[PDB]
Amino acid sequence: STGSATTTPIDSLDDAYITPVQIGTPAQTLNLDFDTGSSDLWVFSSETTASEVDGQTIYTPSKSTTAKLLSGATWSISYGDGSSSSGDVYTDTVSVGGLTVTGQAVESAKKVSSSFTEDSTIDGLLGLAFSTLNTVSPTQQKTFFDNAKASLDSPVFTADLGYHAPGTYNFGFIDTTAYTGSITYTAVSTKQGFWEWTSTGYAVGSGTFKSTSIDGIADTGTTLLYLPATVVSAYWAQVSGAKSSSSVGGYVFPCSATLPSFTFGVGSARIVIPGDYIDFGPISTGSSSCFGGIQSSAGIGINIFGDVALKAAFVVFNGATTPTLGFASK
Ligand SMILES: NCCN1CCOCC1
């Protein structure tokens, strides 16, 4: 079997991407944030505290004739960005672009932090990292991808995020028309439960490519590109007036600037991120200072190849016996 769904930016800055998911019987369509950096499928629901719901579509397990309460199971998750959510668990039928999983754990939220409440367009998350990170206790649950893998034509999912435009998440197949040139595959470590790979280096604009090992994760659930301070400083040093601001919490640059591109290595291949992808608009409404799309991972502990980097590429998440990551230009 296969599945194909359109993913769309939630706003004019591509701050996140939402993809419709059908849950239950009859179908209840929620727009979820497909997250390759986490492993819980969780949703805003009829059980979420009234004050913590602001415009999101909710999942009502009681109106789903296939929803089964997973007895004594609870989930609680804290993300790198400080946001959190928690609640109880149902098993239900879940479909993504025509690919169906029966008995998928749907984690129903009782509590969400304010960061989730303020994003009216994000109805929950669909975790696509390795099932070892799943927070369901006392019995861990598998991801949608893990549940479908046996049924899939090929054990893969692809991420094709758009810049200021719609994109696609495909399951079970590789769309050979969605990229140019070839897909370069690279090794993956699943020890931390993430799609963790090693980039072979980088370049700023038309500068000479620097061969250096950058370990990081392919994370669709993180908006920006988080890299070592040496790397990020070399990038922002090319932007006139750019500086690291402690008040704003990152590198800012004049909104009138035309940014240089950023290239990252995948083996001997190169993915070029156009400069416009790195502009995240005014730091505050009406400001002529803009927020940068390339930030330092020094406070994080891990380098993150988020949407800023992934949207410049056609990305294959190969869930073969030994998982790997594929990247092609598009
Ligand atoms: N609510 C703050 C975080 N979110 C994250 C996703 O993009 C929009 C802003």
# chains A, B, ... in the order shown; residues from 1 in each chain; ligands from 1
$ residues_near_ligand --ligand "ligand 1" --cutoff "12 Å" --atoms "only C-alpha atoms and all ligand atoms" --output "PyMOL selection string"
chain A and resi 9-18+32-35+54+79-84+112-125+220-224+280+307
$ residues_around --residues "residue 151 (chain A)" --least-positions-apart "4" --cutoff "12 Å" --atoms "only C-alpha atoms" --output "number ranges by chain"
A: 1-3, 99-102, 144-147, 155-156, 171-173
$ write_last_selection --atoms "C-alpha atoms" --output "CSV table (one decimal), in the first residue's frame"
chain,number,residue,atom,x,y,z
A,1,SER,CA,0.0,0.0,0.0
A,2,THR,CA,0.9,3.7,-0.3
A,3,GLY,CA,-0.3,7.1,1.0
A,99,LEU,CA,-3.1,4.9,3.7
A,100,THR,CA,-4.9,3.4,6.7
A,101,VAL,CA,-3.7,2.0,10.0
A,102,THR,CA,-6.2,0.3,12.3
A,144,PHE,CA,1.9,5.7,12.3
A,145,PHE,CA,4.9,4.9,10.0
A,146,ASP,CA,5.9,1.9,12.2
A,147,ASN,CA,2.4,0.5,12.1
A,155,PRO,CA,9.5,0.9,3.9
A,156,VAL,CA,9.9,4.6,3.3
A,171,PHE,CA,4.4,6.9,2.4
A,172,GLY,CA,5.4,3.6,0.8
A,173,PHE,CA,7.0,5.0,-2.4
$ closest_residue --among "A:320, A:266, A:234, A:89" --to "residue 152 (chain A)" --atoms "only C-alpha atoms"
A:320
$ residues_around --residues "residue 6 (chain A)" --least-positions-apart "5" --cutoff "8 Å" --atoms "only C-alpha atoms" --output "number ranges by chain"
A: 19-20, 97, 166-169
$ write_last_selection --atoms "C-alpha atoms" --output "PDB file, in the first residue's frame"
ATOM      1  CA  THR A  19      -1.192  17.880   6.819  1.00  0.00           C
ATOM      2  CA  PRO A  20      -4.767  16.575   7.095  1.00  0.00           C
ATOM      3  CA  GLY A  97      -3.765  10.410   2.016  1.00  0.00           C
ATOM      4  CA  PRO A 166       2.187  23.425  -0.666  1.00  0.00           C
ATOM      5  CA  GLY A 167       4.206  20.241  -0.552  1.00  0.00           C
ATOM      6  CA  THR A 168       3.826  16.514  -0.100  1.00  0.00           C
ATOM      7  CA  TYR A 169       4.349  13.664   2.420  1.00  0.00           C
TER       8      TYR A 169
END
$ residues_around --residues "region 196-213 of chain A" --least-positions-apart "6" --cutoff "6 Å" --atoms "only C-alpha atoms" --output "list in words"
residues 188, 189, 235, 260, 261, 262, 263, 264, 265, 266 and 267 of chain A
$ write_last_selection --atoms "N, CA, C and O atoms" --output "PDB file, in the first residue's frame"
ATOM      1  N   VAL A 188      22.493   6.593   9.204  1.00  0.00           N
ATOM      2  CA  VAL A 188      21.648   7.101  10.280  1.00  0.00           C
ATOM      3  C   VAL A 188      21.929   6.359  11.575  1.00  0.00           C
ATOM      4  O   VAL A 188      22.074   5.137  11.586  1.00  0.00           O
ATOM      5  N   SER A 189      22.011   7.113  12.660  1.00  0.00           N
ATOM      6  CA  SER A 189      22.134   6.583  13.981  1.00  0.00           C
ATOM      7  C   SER A 189      20.778   6.777  14.607  1.00  0.00           C
ATOM      8  O   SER A 189      20.218   7.872  14.595  1.00  0.00           O
ATOM      9  N   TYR A 235      28.227  32.365   8.596  1.00  0.00           N
ATOM     10  CA  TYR A 235      27.110  32.740   7.731  1.00  0.00           C
ATOM     11  C   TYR A 235      26.713  34.206   7.960  1.00  0.00           C
ATOM     12  O   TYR A 235      26.722  35.002   7.019  1.00  0.00           O
ATOM     13  N   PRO A 260      22.630  35.659   1.652  1.00  0.00           N
ATOM     14  CA  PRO A 260      23.350  34.657   0.858  1.00  0.00           C
ATOM     15  C   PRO A 260      22.708  33.268   1.059  1.00  0.00           C
ATOM     16  O   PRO A 260      22.040  33.009   2.084  1.00  0.00           O
ATOM     17  N   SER A 261      22.906  32.374   0.090  1.00  0.00           N
ATOM     18  CA  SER A 261      22.410  31.016   0.236  1.00  0.00           C
ATOM     19  C   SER A 261      23.277  30.245   1.276  1.00  0.00           C
ATOM     20  O   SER A 261      24.307  30.745   1.754  1.00  0.00           O
ATOM     21  N   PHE A 262      22.826  29.046   1.666  1.00  0.00           N
ATOM     22  CA  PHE A 262      23.584  28.200   2.565  1.00  0.00           C
ATOM     23  C   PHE A 262      23.585  26.800   1.968  1.00  0.00           C
ATOM     24  O   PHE A 262      22.522  26.262   1.678  1.00  0.00           O
ATOM     25  N   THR A 263      24.762  26.209   1.795  1.00  0.00           N
ATOM     26  CA  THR A 263      24.857  24.862   1.232  1.00  0.00           C
ATOM     27  C   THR A 263      25.249  23.876   2.320  1.00  0.00           C
ATOM     28  O   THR A 263      26.149  24.181   3.087  1.00  0.00           O
ATOM     29  N   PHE A 264      24.612  22.702   2.389  1.00  0.00           N
ATOM     30  CA  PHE A 264      25.029  21.667   3.331  1.00  0.00           C
ATOM     31  C   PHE A 264      25.311  20.357   2.552  1.00  0.00           C
ATOM     32  O   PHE A 264      24.614  20.042   1.590  1.00  0.00           O
ATOM     33  N   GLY A 265      26.350  19.641   2.951  1.00  0.00           N
ATOM     34  CA  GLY A 265      26.749  18.420   2.270  1.00  0.00           C
ATOM     35  C   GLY A 265      26.021  17.173   2.719  1.00  0.00           C
ATOM     36  O   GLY A 265      25.710  17.010   3.896  1.00  0.00           O
ATOM     37  N   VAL A 266      25.706  16.300   1.752  1.00  0.00           N
ATOM     38  CA  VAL A 266      25.119  14.988   1.959  1.00  0.00           C
ATOM     39  C   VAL A 266      26.084  14.123   1.185  1.00  0.00           C
ATOM     40  O   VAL A 266      26.028  14.119  -0.037  1.00  0.00           O
ATOM     41  N   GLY A 267      27.080  13.538   1.864  1.00  0.00           N
ATOM     42  CA  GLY A 267      28.118  12.777   1.173  1.00  0.00           C
ATOM     43  C   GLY A 267      28.878  13.695   0.227  1.00  0.00           C
ATOM     44  O   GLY A 267      29.176  14.832   0.592  1.00  0.00           O
TER      45      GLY A 267
END
$ select_by_dssp --residues "region 43-87 of chain A" --states "strand (DSSP E)" --output "count of residues only"
16
$ residues_around --residues "residue 193 (chain A)" --least-positions-apart "2" --cutoff "7 Å" --atoms "only C-alpha atoms" --output "VMD selection string"
chain A and resid 129 to 130 132 to 133 190 to 191
$ write_last_selection --atoms "C-alpha atoms" --output "compact mmCIF listing (two decimals), in the first residue's frame"
# COMPACT_ATOMS: atom_id res chain seq x y z
CA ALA A 129 10.87 9.66 14.61
CA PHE A 130 11.72 6.09 15.98
CA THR A 132 11.67 4.20 21.06
CA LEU A 133 10.89 7.87 21.94
CA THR A 190 18.98 5.68 15.86
CA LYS A 191 20.71 5.56 19.31
$ closest_residue --among "A:271, A:109, A:195, A:181" --to "residue 53 (chain A)" --atoms "only C-alpha atoms"
A:109
